[PDB]
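Source file: query_19.txt; contents: compact mmCIF, C-alpha atoms.
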```txt
# COMPACT_ATOMS: atom_id res chain seq x y z
CA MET P 1 2.92 6.60 -0.21
CA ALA P 2 0.72 4.01 1.48
CA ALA P 3 1.98 0.72 0.07
CA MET P 4 -0.64 -1.50 -1.52
CA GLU P 5 -2.21 -3.91 0.95
CA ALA P 6 -1.98 -7.65 0.43
CA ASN P 7 -4.50 -8.62 3.13
CA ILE P 8 -7.97 -7.06 2.95
CA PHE P 9 -10.64 -7.31 5.65
CA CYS P 10 -14.28 -7.03 4.58
CA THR P 11 -17.12 -6.35 7.02
CA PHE P 12 -20.84 -6.60 6.34
CA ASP P 13 -22.83 -3.75 7.86
CA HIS P 14 -25.99 -5.72 7.17
CA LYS P 15 -26.93 -8.13 9.93
CA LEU P 16 -26.15 -11.77 9.23
CA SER P 17 -28.20 -14.83 10.10
CA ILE P 18 -26.52 -18.10 10.98
CA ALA P 19 -27.44 -19.41 7.53
CA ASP P 20 -25.65 -16.49 5.86
CA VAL P 21 -22.46 -17.11 7.83
CA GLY P 22 -22.72 -20.81 7.08
CA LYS P 23 -22.92 -19.99 3.38
CA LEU P 24 -19.88 -17.70 3.71
CA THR P 25 -17.77 -20.43 5.34
CA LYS P 26 -18.24 -22.70 2.32
CA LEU P 27 -16.65 -20.08 0.05
CA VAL P 28 -13.14 -20.19 1.54
CA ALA P 29 -10.38 -20.40 -1.12
CA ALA P 30 -12.67 -19.06 -3.84
CA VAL P 31 -11.80 -16.11 -6.08
CA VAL P 32 -13.60 -12.82 -5.45
CA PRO P 33 -12.91 -9.61 -7.39
CA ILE P 34 -12.75 -6.12 -5.85
CA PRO P 35 -12.59 -2.68 -7.44
CA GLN P 36 -10.11 -1.05 -5.07
CA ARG P 37 -7.59 -2.05 -2.42
CA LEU P 38 -7.92 -0.97 1.20
CA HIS P 39 -7.15 -2.62 4.51
CA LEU P 40 -10.82 -2.50 5.53
CA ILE P 41 -13.65 -2.39 2.98
CA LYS P 42 -17.44 -2.64 2.95
CA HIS P 43 -19.23 -5.59 1.39
CA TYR P 44 -20.94 -3.49 -1.29
CA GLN P 45 -17.73 -3.31 -3.34
CA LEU P 46 -17.29 -7.08 -3.07
CA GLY P 47 -18.25 -9.27 -6.01
CA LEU P 48 -19.58 -8.67 -9.50
CA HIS P 49 -23.07 -7.52 -8.45
CA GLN P 50 -22.24 -3.80 -8.42
CA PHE P 51 -21.87 -3.71 -12.20
CA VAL P 52 -25.21 -5.36 -13.05
CA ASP P 53 -26.95 -2.65 -15.04
CA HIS P 54 -29.90 -1.97 -17.34
CA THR P 55 -27.54 -2.37 -20.31
CA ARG P 56 -27.37 -6.09 -19.44
CA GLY P 57 -24.75 -6.75 -22.11
CA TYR P 58 -22.46 -9.72 -21.62
CA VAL P 59 -19.62 -8.01 -23.49
CA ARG P 60 -19.53 -4.95 -21.24
CA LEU P 61 -19.62 -7.13 -18.13
CA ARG P 62 -16.71 -9.11 -19.57
CA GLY P 63 -14.89 -5.83 -20.09
CA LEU P 64 -15.54 -4.67 -16.53
CA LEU P 65 -14.40 -7.93 -14.94
CA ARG P 66 -11.10 -7.75 -16.82
CA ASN P 67 -10.08 -4.59 -14.95
CA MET P 68 -10.91 -5.69 -11.40
CA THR P 69 -8.20 -7.13 -9.17
CA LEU P 70 -8.53 -10.77 -8.12
CA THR P 71 -8.25 -12.01 -4.54
CA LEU P 72 -8.54 -15.35 -2.79
CA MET P 73 -10.67 -15.77 0.31
CA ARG P 74 -8.95 -16.78 3.54
CA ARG P 75 -10.84 -18.19 6.49
CA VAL P 76 -14.01 -16.51 7.75
CA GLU P 77 -14.98 -15.19 11.18
CA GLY P 78 -18.12 -13.69 12.61
CA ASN P 79 -19.22 -10.78 10.38
CA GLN P 80 -15.71 -10.54 8.89
CA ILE P 81 -14.05 -11.80 5.72
CA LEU P 82 -10.32 -11.94 4.99
CA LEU P 83 -9.11 -11.70 1.40
CA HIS P 84 -5.58 -12.26 0.10
CA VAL P 85 -4.05 -10.91 -3.11
CA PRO P 86 -2.00 -13.66 -4.80
CA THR P 87 1.43 -13.11 -6.33
CA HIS P 88 2.74 -14.29 -9.68
CA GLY P 89 4.46 -17.67 -9.64
CA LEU P 90 3.37 -18.93 -6.24
CA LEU P 91 1.26 -22.00 -5.55
CA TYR P 92 -2.32 -21.75 -4.28
CA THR P 93 -5.44 -23.76 -3.49
CA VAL P 94 -8.54 -22.62 -5.38
CA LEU P 95 -12.20 -23.63 -5.19
CA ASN P 96 -14.26 -24.75 -8.19
CA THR P 97 -17.36 -22.64 -7.64
CA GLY P 98 -18.97 -23.20 -11.03
CA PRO P 99 -20.27 -26.40 -12.61
CA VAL P 100 -17.43 -26.56 -15.15
CA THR P 101 -15.23 -29.65 -14.94
CA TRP P 102 -11.50 -29.01 -14.58
CA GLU P 103 -8.63 -31.23 -15.72
CA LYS P 104 -4.97 -31.58 -14.83
CA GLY P 105 -2.59 -29.27 -16.64
CA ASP P 106 -5.04 -26.94 -18.36
CA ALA P 107 -5.13 -23.16 -18.05
CA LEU P 108 -7.93 -21.28 -16.31
CA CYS P 109 -9.53 -17.95 -17.19
CA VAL P 110 -11.91 -15.68 -15.28
CA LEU P 111 -15.18 -14.86 -17.01
CA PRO P 112 -18.66 -13.57 -16.14
CA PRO P 113 -21.12 -16.31 -15.21
CA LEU P 114 -23.42 -17.87 -17.79
CA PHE P 115 -26.51 -19.74 -16.71
CA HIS P 116 -26.78 -23.52 -16.62
CA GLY P 117 -29.28 -26.21 -15.72
CA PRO P 118 -32.45 -25.26 -13.83
CA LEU P 119 -31.02 -21.79 -13.06
CA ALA P 120 -31.78 -22.06 -9.34
CA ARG P 121 -28.25 -21.85 -7.86
CA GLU P 122 -28.58 -18.21 -6.82
CA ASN P 123 -28.79 -18.74 -3.04
CA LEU P 124 -25.50 -16.83 -2.60
CA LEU P 125 -25.98 -14.17 0.08
CA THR P 126 -29.09 -12.23 -0.84
CA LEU P 127 -29.26 -9.56 1.87
CA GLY P 128 -30.66 -6.06 1.46
CA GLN P 129 -31.11 -6.75 -2.29
CA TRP P 130 -27.34 -7.01 -2.57
CA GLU P 131 -26.17 -10.36 -3.90
CA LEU P 132 -22.85 -12.21 -3.89
CA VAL P 133 -22.31 -12.77 -7.60
CA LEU P 134 -18.97 -14.42 -8.36
CA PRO P 135 -17.26 -14.86 -11.73
CA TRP P 136 -16.63 -18.28 -13.21
CA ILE P 137 -13.21 -19.89 -13.47
CA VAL P 138 -13.16 -21.85 -16.71
CA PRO P 139 -10.55 -23.71 -18.75
CA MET P 140 -9.16 -22.11 -21.90
CA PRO P 141 -11.20 -23.98 -24.58
CA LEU P 142 -14.53 -22.89 -23.11
CA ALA P 143 -13.44 -19.25 -22.90
CA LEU P 144 -12.22 -19.39 -26.49
CA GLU P 145 -15.55 -20.86 -27.58
CA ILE P 146 -17.50 -18.16 -25.73
CA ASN P 147 -15.50 -15.29 -27.22
CA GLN P 148 -15.63 -16.86 -30.68
CA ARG P 149 -19.42 -17.23 -30.50
CA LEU P 150 -19.82 -13.61 -29.44
CA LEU P 151 -17.61 -12.27 -32.22
CA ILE P 152 -19.23 -14.49 -34.86
CA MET P 153 -22.68 -13.30 -33.81
CA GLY P 154 -21.49 -9.70 -34.04
CA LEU P 155 -20.00 -10.13 -37.51
CA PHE P 156 -23.01 -12.09 -38.79
CA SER P 157 -25.46 -9.46 -37.52
CA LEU P 158 -24.25 -7.05 -40.20
CA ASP P 159 -26.61 -6.78 -43.20
CA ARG P 160 -28.34 -10.07 -42.44
CA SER P 161 -32.12 -10.10 -42.12
CA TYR P 162 -33.51 -9.65 -38.62
CA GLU P 163 -35.25 -13.03 -38.39
CA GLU P 164 -32.28 -15.05 -39.62
CA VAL P 165 -30.14 -13.02 -37.20
CA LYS P 166 -32.45 -14.25 -34.44
CA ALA P 167 -32.08 -17.83 -35.68
CA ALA P 168 -28.29 -17.58 -35.82
CA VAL P 169 -28.15 -16.11 -32.32
CA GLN P 170 -30.37 -18.94 -31.10
CA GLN P 171 -28.15 -21.65 -32.57
CA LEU P 172 -24.85 -20.00 -31.62
CA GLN P 173 -25.57 -19.02 -28.02
CA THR P 174 -25.64 -22.62 -26.75
CA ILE P 175 -22.36 -24.45 -26.06
CA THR P 176 -21.58 -28.07 -25.22
CA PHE P 177 -18.21 -28.43 -23.50
CA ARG P 178 -16.71 -31.45 -21.75
CA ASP P 179 -20.07 -33.26 -21.59
CA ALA P 180 -22.02 -30.29 -20.19
CA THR P 181 -24.28 -27.69 -21.80
CA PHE P 182 -24.06 -23.94 -21.19
CA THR P 183 -25.81 -20.91 -22.66
CA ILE P 184 -24.63 -17.29 -22.92
CA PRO P 185 -26.96 -14.78 -21.24
CA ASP P 186 -27.89 -11.50 -22.91
CA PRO P 187 -25.77 -11.58 -26.10
CA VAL P 188 -26.39 -7.90 -26.86
CA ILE P 189 -24.71 -6.33 -29.90
CA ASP P 190 -23.47 -2.81 -29.14
CA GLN P 191 -20.44 -0.51 -29.27
CA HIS P 192 -18.29 -2.84 -27.16
CA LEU P 193 -18.68 -5.64 -29.68
CA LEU P 194 -18.46 -3.11 -32.51
CA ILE P 195 -14.88 -2.11 -31.69
CA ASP P 196 -13.84 -5.78 -31.69
CA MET P 197 -15.61 -6.26 -35.02
CA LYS P 198 -13.69 -3.32 -36.47
CA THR P 199 -10.34 -4.68 -35.31
CA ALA P 200 -11.22 -8.15 -36.64
CA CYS P 201 -12.12 -6.69 -40.04
CA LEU P 202 -8.86 -4.72 -40.18
CA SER P 203 -6.77 -7.75 -39.24
CA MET P 204 -8.52 -9.95 -41.80
CA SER P 205 -7.98 -7.32 -44.50
CA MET P 206 -4.27 -7.16 -43.70
CA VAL P 207 -3.99 -10.97 -43.60
CA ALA P 208 -5.64 -11.24 -47.01
CA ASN P 209 -3.36 -8.53 -48.41
CA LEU P 210 -0.12 -9.95 -47.00
CA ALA P 211 -0.52 -13.66 -47.75
CA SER P 212 1.79 -14.85 -50.53
CA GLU P 213 0.69 -16.83 -53.56
CA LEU P 214 2.45 -19.91 -52.17
CA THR P 215 0.31 -19.78 -49.03
CA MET P 216 -2.90 -19.32 -51.02
CA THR P 217 -2.08 -22.09 -53.49
CA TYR P 218 -0.92 -24.69 -50.94
CA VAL P 219 -4.43 -26.01 -50.23
CA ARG P 220 -5.38 -26.05 -53.91
CA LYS P 221 -2.21 -27.92 -54.88
CA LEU P 222 -2.47 -30.43 -52.03
CA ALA P 223 -5.91 -31.62 -53.14
CA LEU P 224 -4.47 -32.74 -56.49
CA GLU P 225 -2.47 -35.59 -54.94
CA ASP P 226 -3.66 -36.10 -51.34
CA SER P 227 -6.97 -37.47 -50.07
CA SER P 228 -8.21 -37.63 -46.48
CA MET P 229 -11.27 -36.96 -44.37
CA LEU P 230 -9.55 -33.86 -42.98
CA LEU P 231 -8.88 -32.55 -46.48
CA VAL P 232 -12.34 -33.28 -47.92
CA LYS P 233 -14.07 -31.74 -44.91
CA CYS P 234 -11.60 -28.87 -45.26
CA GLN P 235 -12.15 -28.15 -48.95
CA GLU P 236 -15.95 -28.14 -48.65
CA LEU P 237 -15.63 -24.63 -47.19
CA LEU P 238 -13.75 -23.22 -50.17
CA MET P 239 -15.16 -21.62 -53.31
CA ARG P 240 -15.05 -23.99 -56.28
CA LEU P 241 -12.72 -22.86 -59.06
CA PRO P 253 1.64 -29.76 -64.27
CA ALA P 254 3.04 -26.34 -63.32
CA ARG P 255 5.98 -24.62 -61.66
CA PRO P 256 6.03 -21.83 -59.05
CA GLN P 257 5.83 -18.54 -60.92
CA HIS P 258 8.10 -16.72 -58.46
CA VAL P 259 10.59 -18.09 -55.91
CA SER P 260 12.15 -15.69 -53.41
CA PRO P 261 12.89 -17.00 -49.90
CA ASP P 262 13.76 -13.57 -48.48
CA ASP P 263 10.43 -12.09 -49.56
CA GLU P 264 8.66 -15.16 -48.21
CA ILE P 265 10.43 -14.79 -44.86
CA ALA P 266 9.58 -11.10 -44.49
CA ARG P 267 6.00 -11.65 -45.60
CA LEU P 268 5.48 -14.47 -43.10
CA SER P 269 7.09 -12.32 -40.41
CA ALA P 270 4.48 -9.59 -40.93
CA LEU P 271 1.68 -12.13 -41.29
CA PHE P 272 2.52 -13.52 -37.84
CA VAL P 273 2.00 -10.07 -36.30
CA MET P 274 -1.35 -9.73 -38.04
CA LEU P 275 -2.42 -13.21 -36.89
CA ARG P 276 -1.48 -12.27 -33.33
CA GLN P 277 -3.63 -9.16 -33.65
CA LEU P 278 -6.58 -11.28 -34.77
CA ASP P 279 -5.92 -13.91 -32.08
CA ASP P 280 -5.77 -11.44 -29.19
CA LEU P 281 -9.43 -10.44 -29.37
CA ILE P 282 -10.65 -13.97 -28.61
CA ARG P 283 -7.76 -14.90 -26.29
CA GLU P 284 -8.36 -14.49 -22.58
CA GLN P 285 -5.51 -13.96 -20.13
CA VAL P 286 -4.55 -17.07 -18.18
CA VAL P 287 -4.89 -16.45 -14.44
CA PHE P 288 -4.27 -19.96 -13.13
CA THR P 289 -2.47 -23.09 -14.27
CA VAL P 290 -3.57 -26.22 -12.45
CA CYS P 291 -1.63 -29.34 -11.54
CA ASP P 292 -3.80 -31.22 -9.03
CA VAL P 293 -7.49 -32.02 -8.70
CA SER P 294 -9.75 -33.19 -5.92
CA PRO P 295 -11.38 -36.35 -7.34
CA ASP P 296 -14.77 -34.72 -6.70
CA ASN P 297 -13.68 -31.75 -8.88
CA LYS P 298 -14.55 -29.29 -6.09
CA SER P 299 -11.01 -27.99 -5.58
CA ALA P 300 -7.61 -27.89 -7.26
CA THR P 301 -4.13 -26.51 -6.62
CA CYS P 302 -2.92 -23.98 -9.16
CA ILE P 303 -0.05 -21.63 -9.96
CA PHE P 304 -1.12 -17.99 -10.16
CA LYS P 305 -0.02 -15.82 -13.05
CA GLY P 306 -1.06 -12.38 -14.25
CA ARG W 99 -4.15 10.63 14.32
CA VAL W 100 -7.66 9.18 14.61
CA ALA W 101 -8.60 5.60 13.76
CA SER W 102 -10.88 5.47 10.73
CA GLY W 103 -13.73 3.15 9.85
CA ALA W 104 -14.26 0.78 6.95
CA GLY W 105 -13.91 2.14 3.43
CA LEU W 106 -12.04 5.27 4.45
CA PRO W 107 -8.37 5.90 3.62
CA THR W 108 -6.27 5.92 6.77
CA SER W 109 -4.21 8.92 7.80
CA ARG W 110 -0.45 8.51 7.40
CA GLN W 111 2.19 9.55 9.90
CA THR W 112 3.32 13.14 9.32
CA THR W 113 6.47 14.87 10.55
CA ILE W 114 6.83 18.66 10.47
CA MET W 115 9.97 20.70 11.14
CA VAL W 116 10.24 24.51 11.22
CA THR W 117 12.72 27.22 12.22
CA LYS W 118 12.40 30.62 13.92
CA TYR W 119 14.85 33.48 13.35
CA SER W 120 15.83 36.52 15.42
CA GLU W 121 15.94 40.24 14.66
CA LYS W 122 18.56 42.98 15.01
CA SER W 123 18.14 46.45 16.48
CA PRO W 124 20.91 48.80 17.64
CA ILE W 125 20.35 52.01 19.62
CA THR W 126 22.69 54.95 20.18
CA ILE W 127 22.85 58.40 21.78
CA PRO W 128 25.65 61.01 21.71
CA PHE W 129 26.94 63.33 24.42
CA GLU W 130 29.76 65.87 24.41
CA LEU W 131 32.04 67.57 26.92
CA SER W 132 33.58 71.02 26.69
CA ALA W 133 37.35 71.32 26.41
CA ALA W 134 37.28 73.31 29.65
CA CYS W 135 35.78 70.32 31.46
CA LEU W 136 38.45 68.13 29.88
CA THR W 137 41.30 70.28 31.18
CA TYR W 138 39.69 70.60 34.61
CA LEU W 139 39.50 66.82 34.91
CA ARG W 140 42.99 66.57 33.42
CA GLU W 141 45.03 68.69 35.82
CA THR W 142 45.48 69.96 39.31
CA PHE W 143 42.84 71.23 41.76
CA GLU W 144 44.64 74.48 42.55
CA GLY W 145 44.46 78.25 42.29
CA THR W 146 41.99 80.91 43.41
CA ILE W 147 38.61 80.08 44.90
```
Represent the structure from my file as structure tokens, please.
Amino acid sequence: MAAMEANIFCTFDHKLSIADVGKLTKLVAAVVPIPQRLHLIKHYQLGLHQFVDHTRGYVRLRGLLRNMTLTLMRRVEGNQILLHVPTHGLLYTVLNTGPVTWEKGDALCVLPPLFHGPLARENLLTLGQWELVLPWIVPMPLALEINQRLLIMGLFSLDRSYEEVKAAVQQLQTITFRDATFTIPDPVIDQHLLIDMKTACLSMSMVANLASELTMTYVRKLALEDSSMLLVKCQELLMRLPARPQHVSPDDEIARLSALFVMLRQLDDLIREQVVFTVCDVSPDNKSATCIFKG
Amino acid sequence: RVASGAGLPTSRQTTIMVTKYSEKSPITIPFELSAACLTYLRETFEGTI
């Protein structure tokens, strides 16, 4: 039928002041998500603002952003915006909208914004109580930290007392990454985090069941003859309790490790975020970088 | 087609082809001639008045 459009024109039916257009011009080469593809769309569908809801949960907003299609902004005109849908493997220029510092060679992920500093950056296109909310583009370690914090809060919430749950949420929600401090907004625990908790519990059960005695005993045996800061900091986490291996069978070990890899992938996937960009350049003011698009 | 505004799906080009067929109807009527008429037209104009 009608082939999917690569170039999308967006028109604001609200009237624009010169300040609004000036703000729009700064946003060229940034990433904006849209829910559906048409040659000509209205500004209401543009951005992340449409999904802001009384539920307020960070996890559900993260889920919603994952399903939107990503576009880059081409140059602006009067009352019009041109968006381009990138293709896998090509080279692009992208704008660092958020305060996160990028580095050469790292991988970037798209994620809902989390507040930082004075929390007064929100000048982006407030017109008719619609707002231009854009997602953050962050490097992989920060996304992994965010997802890990959310899942750990969810798991810890079970059966713990309410006040100590509050304390744990307070200490976990704040993150220091690459010499900057960020904090996760609205870490609500609900069904969306519950399904991830269920899958994590299943994967951990299977990992505990599968692991061979050799794997379990490696750490215990190593401590008898090695000594290092890594090891001593490592063994502090474990419960406090010559010989020969009771059973040697390389084929069983191979098959068991083969299954254990699948289970570890299952556990890894729920904190992994899909890489959208891989960067190899940076403006020395960190405002822009050139990246390869993927996904 | 009509040009559409923002947010509306555009109408695609459409081609339509059709065929019309014809009908059959025969009509007939009989008439007959006496053998006397046949022999009068067959042979000579002669004899009594």
(Q) One number please: CA of residue 102 (chain W) to CA of residue 4 (chain P), in Å, one decimal. (A) 17.4 Å
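Of the listed residues (W:110, W:146, W:128, W:100), W:110 comes nearest to chain P; the distances count all atoms listed in the file.
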Q: Pull out every residue of chain W sitting within 8 Å of chain P, counting only C-alpha atoms, and send them as a PyMOL selection string.
A: chain W and resi 103-107+110
Q. Mind pulling up the distance from CA of residue 212 (chain P) to CA of residue 235 (chain P)?
A. 19.3 Å
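Among the candidate residues P:52, P:121, P:130, P:206, the one lying nearest to residue 14 (chain P) is P:130, with distances computed using all atoms listed in the file.
Our summary of the geometry notes that CA of residue 139 (chain W) is positioned 25.3 Å from CA of residue 126 (chain W).
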Q | Surrounding residues of residue 93 (chain P) excluding itself and chain neighbours under 4 positions, 10 Å, all atoms listed in the file, as a ChimeraX atom specification | A | /P:28-30,72,290,292-293,299-304
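The residue that comes closest to residue 187 (chain P), out of P:174, P:282, P:222, P:306 and on the basis of only C-alpha atoms, is P:174.
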**Q.** Among listed residues P:283, P:23, P:255, P:198, nearest residue 122 (chain P) (using only C-alpha atoms)
**A.** P:23
Q: Name all residues at most 12 Å from residue 17 (chain P) (count only C-alpha atoms; drop same-chain ones fewer than 6 positions away) and give them as an MDAnalysis selection string.
A: chainID P and resid 23:24 78:79 125:127
Would you put the residues from that selection into a file with C-alpha atoms, as a PDB file, in the frame of the given file?
```pdb
ATOM      1  CA  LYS P  23     -22.920 -19.990   3.380  1.00  0.00           C
ATOM      2  CA  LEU P  24     -19.880 -17.700   3.710  1.00  0.00           C
ATOM      3  CA  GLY P  78     -18.120 -13.690  12.610  1.00  0.00           C
ATOM      4  CA  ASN P  79     -19.220 -10.780  10.380  1.00  0.00           C
ATOM      5  CA  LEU P 125     -25.980 -14.170   0.080  1.00  0.00           C
ATOM      6  CA  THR P 126     -29.090 -12.230  -0.840  1.00  0.00           C
ATOM      7  CA  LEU P 127     -29.260  -9.560   1.870  1.00  0.00           C
TER       8      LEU P 127
END
```
Please identify all polymer residues within 9 Å of residue 183 (chain P), counting only C-alpha atoms, omitting same-chain residues fewer than 3 positions from it, and present them as a compact mmCIF listing (two decimals) with C-alpha atoms, keeping the file's coordinate frame.
```
# COMPACT_ATOMS: atom_id res chain seq x y z
CA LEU P 114 -23.42 -17.87 -17.79
CA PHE P 115 -26.51 -19.74 -16.71
CA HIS P 116 -26.78 -23.52 -16.62
CA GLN P 173 -25.57 -19.02 -28.02
CA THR P 174 -25.64 -22.62 -26.75
CA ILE P 175 -22.36 -24.45 -26.06
CA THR P 176 -21.58 -28.07 -25.22
```
